[PDB]
Amino acid sequence: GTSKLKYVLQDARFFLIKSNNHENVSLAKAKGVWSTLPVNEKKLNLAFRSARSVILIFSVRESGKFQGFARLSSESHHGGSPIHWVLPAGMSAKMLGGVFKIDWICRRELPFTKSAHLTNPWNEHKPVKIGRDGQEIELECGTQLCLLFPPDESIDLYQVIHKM
Ligand SMILES: Cc1nc2cnccc2c(=O)[nH]1
């Protein structure tokens, strides 16, 4: 069902995550972590303290799809075991040092063709698939985008509701 999902998404904030490669999203799915550039790390930390749920919606460049979405369960933290991200050119491990813990809400794909009717007011009302890494998605657009994903029956949202 979709009712617990709607409860998790109620008054959430939503951010677009754009990865150049599939390997980093697969690591994030396996380890429940994500790291981003400092300019976005600061925005996510502010958002984490400001809202019941902060949702990251992931898309791999050139894939034509979103790969899933997840909820921040912590602010960024430093000093843990290094995650072996595949680092894009011009991006170093020191730049991705801040690690957020995330709980996946959906690990299934959504092709851009299914989200063509959704535009993001915070990016000039361009289709929601369009945006730089870290682009915030307005509440209604983001909620409808997350509801478009096929249900992920492997996930039990009871545990993430308790974290709100
Ligand atoms: C973990 C990580 N991977 C990426 C891959 N491509 C572009 C940006 C990123 C990023 O901010 N973080």
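Here Cβ is always computed from backbone atoms with ideal geometry, including for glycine, and neighbour counts include all displayed protein chains. No lab work stands behind these numbers, since they all come straight from the coordinates.
Here are some notes:
- Count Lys and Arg as plus one, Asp and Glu as minus one, and take only other residues whose Cβ is under 11 Å from that of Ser50; the net charge is then +3.
- Among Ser53, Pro150, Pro121 the positive-end extreme of the charge dipole of the chain (Cβ point charges): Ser53
- Listed residues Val25, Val128, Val39, most fluctuating in the chain (Gaussian network, C-alpha, under 10 Å): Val39
- Those trypsin sites (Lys or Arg not before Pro) in region 57-164 that DSSP places in a loop and that have at most 12 other beta carbons within 10 Å: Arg61, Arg132
- Contact order relative to length of the chain, as percent, for alpha carbon pairs under 8 angstrom and 6 or more apart: 30
- Put simply, the Cα atoms of the chain extend 38, 34, 28 Å along their principal axes, the longest span coming first.
- Separation of alpha-carbon centers, region 88-115 and region 25-69, rounded to whole Å: 5
- Residue-count net charge about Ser76 - beta-carbon cut-off 10 Å; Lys, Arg +1, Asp, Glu -1: 0
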